[PDB]
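Below is one structure, written out as structure tokens, with a few remarks after it.
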Amino acid sequence: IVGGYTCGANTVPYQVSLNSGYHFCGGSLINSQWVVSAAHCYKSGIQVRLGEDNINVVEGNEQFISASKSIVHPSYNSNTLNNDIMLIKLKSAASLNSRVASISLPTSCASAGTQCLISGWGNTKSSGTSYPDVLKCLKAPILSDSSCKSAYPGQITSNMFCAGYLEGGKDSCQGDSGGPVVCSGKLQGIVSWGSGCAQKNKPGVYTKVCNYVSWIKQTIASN
Ligand SMILES: [Ca+2]
């Protein structure tokens, strides 16, 4: 997260870190057994880390649970990043509490201008690199589809939205991938892609979760 703020420990209780020896992606807890992340975060050997603030220090509220199964969206295209969504099932149920909690799925799509919370352990610099240990946060609005399409000609599908600031300075970045965009208590986006980070006229692009709720529910119901 570039241009954000320190969230505060366990203030984003649905935020997960995906670990394969190291943090490599975020995700969102949507019930005691399932995480939603980006398909471009797929790999084998995932351990889900819940209850994290400092990802390099055991602070007392963590739950580390290995993934049993990952399900990349049937129609994910890694070239275009269309349908950039994946579900991860935990080998055992998390113990839900005030610091480890699910986030609700949307019941309808969000509109341009809606204020959302974007979070993660990604790079905090727009030029150069610095990786935080504690969770970072950014409040950002959803941008109109027309401004999104204008920013990225030929690249924005009906399964994507832009959020952030066209002036630049404030954005998600490498290592935030797969993490949440939450708006009024609903998971509306997943950190997906962009051109660099926090660049003028290049806002972050996010998977449009509301299009996937039926797939998520039916996948959970049979897995
Ligand atoms: Ca920790």
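Readers should treat all values here as calculations from the given coordinates under stated rules, not as data from a laboratory. Please note: Cβ atoms are built from the backbone with ideal geometry, for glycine as well, and neighbour counts cover all protein chains shown.
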Filtered residues of the range 41-72 (kept if of a type in the set (S, T, N, Q) and touching a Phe, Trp or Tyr at 6+ places or on another chain (Cβ under 8 Å)):
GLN47, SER70
Do we have any residue at all in the range 110-131 that's assigned to a loop (DSSP other than H, G, I, E, B), under 18 Å from the mean Cα position of the chain (by Cα), within 16 Å of the ligand (Cβ to nearest atom) and not charged (D, E, K, R)?
yes
Single condition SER92 does not satisfy, out of (1) more than 15 Å from the ligand (Cβ to nearest atom); (2) in a strand (DSSP E or B)
(2)
Check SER17, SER44 and return the single one that is buried (at least 16 other Cβ atoms within 10 Å of the Cβ) and either among the small types (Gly, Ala, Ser) or on the phi > 0 side of the Ramachandran plot (or both).
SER17
Could you grab me the full set of residues in the range 55-70 that are β-branched (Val, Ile, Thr) and within 8 Å of the ligand (Cβ to nearest atom)?
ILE55, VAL57, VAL58
